[PDB]
């Protein structure tokens, strides 16, 4: 088979944008949980941005002020210096993903859209590695990380998402709706958070 990233890069811009939107939606619970527990920020800023990202995929007539959302997103991005709780990290990653995707859409920067894949997977590795405190490196570390079900799920979800998008030469309203509904109805983040 061709490699995951060669396949991701072979997507059209709209296919990439769908993939990355779906991944960003999946991270939301992380921000929600952090915000509630650490009494920081406003999750509605992220959900509003998400709804506009979904609509951008349905509705070619859609226009909105990206910069104002980027600014609100940044205002709601926490500083790790300010929190002892680990949740600051996935929360930051969630808002920063949305910001990166909106910024990439604005600049038609396909690389950044593709890299939302790595952001999602790194959040999961960092979670696993946060606790572990092992001395492993390189392939041995990789195997150790993948022995954890949450990482295997990350891999499986990103692959399954890629497969459904790639079997469709163009994105369709039904495809966008169905992926959004699936992600939102599961309501479990890339690191297993549900609010």
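Residue numbers count along the first chain shown, from 1.
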inquiry  = Quick check for you: using the entry's CA B-factors within this chain, is residue 41 in the lowest, middle or highest third?
reply    = lowest
Chain-relative CA temperature factor third for residue 193 = lowest
inquiry  = When the deposited Cα B-factors of this chain's modelled residues are ordered and cut into thirds, is residue 154 in the lowest, the middle or the highest one?
reply    = lowest
request  = Quick one: classify residue 143 as lowest, middle or highest third of the chain based on its Cα B-factor.
outcome  = middle
ask   = Going by what the PDB entry lists, where does residue 47 fall on CA B-factor within its chain: lowest, middle or highest third?
value = middle
